[PDB]
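As structure tokens, one chain now follows by itself in the form deposited in one PDB entry.
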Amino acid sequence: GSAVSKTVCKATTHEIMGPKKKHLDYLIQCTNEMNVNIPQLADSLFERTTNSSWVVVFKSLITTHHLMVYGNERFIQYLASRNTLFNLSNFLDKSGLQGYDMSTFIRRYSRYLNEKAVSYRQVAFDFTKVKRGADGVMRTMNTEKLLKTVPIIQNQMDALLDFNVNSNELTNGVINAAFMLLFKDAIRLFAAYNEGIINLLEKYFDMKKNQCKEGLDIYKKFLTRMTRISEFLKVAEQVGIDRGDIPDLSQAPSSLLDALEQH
């Protein structure tokens, strides 16, 4: 409570680096305790995002992201249940050049985090977290739900890619901490998008005419997203990310000749 609220402040000091691991780990433990009040933990993070300083605001967003990824699922479930989340579409810290230039990333990052919560609200699970493979949800989900879902992944993916950062803009520890988490979400979200597309291709011949039609449009839009993804992983390569962590895209884009199976 006070211990929770004090820890949120320590994670979000004015210092120019990401939130410290020691504060994060305590926050993560907080989300795992049946007695902690999640809403109050959340409200403290929202309050920090009314600060005028870019450093404070960006650290509060990063903290929220890290709790969505590593915290108990009850945290994201609450965030997904509110009606309003971050409203930082007009944020601008004019106190210095660093401020002006970081303000833009703040806007774009906060939009991604909003879209991450809305996606959870819409499908009741986290795309980044569920079983992968052949025994997984995204591989074994009926044709109707699939057609419904893949479009939600696509949307979360676009918001993620709109961060649109270049290597030469990654110049302090705050934005770099955000980028490292964005990287982790991007690779998992891609895996789930790919699996979904694999299921589709599998069932696209045995399906109704108008379905086939919607299908077509998803594979269609997946291929343009593949290219944007490649541009993103190339930023990652430029920055120095271990090439073993960067996934290989040499997978599933040759068959656009079902644009005729609608005979």
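Take the two forms, find the largest set of C-alpha atoms that superpose within 1.5 Å, and that set is the rigid core. Note that residue numbering begins at 1 and tracks the sequence as displayed. Shifts are known only where both forms have a C-alpha.
There is another form of the same protein, the form deposited in another entry; it is not shown, and what comes next is about it.
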Practice prompt. Of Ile16, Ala252, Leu24, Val239, only one moves its C-alpha by 2 angstroms or more between this form and the one not shown once the rigid core is aligned, so tell me which.
Written response: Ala252
Practice prompt. Check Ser254 against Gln154 at the C-alpha atoms and report closer or farther in that other deposited form, compared with the shown form; the change is 3 Å or more.
Written response: closer
Discussion item. Distance change of 3 Å or more between the C-alpha atoms of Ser254 and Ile153 in that other deposited form: closer or farther compared with this structure?
Written reply: closer
Fill in: Mobile segments between this form and the one not shown [3+ consecutive residues, each C-alpha shifted 2 angstroms or more, core superposed]
251-263
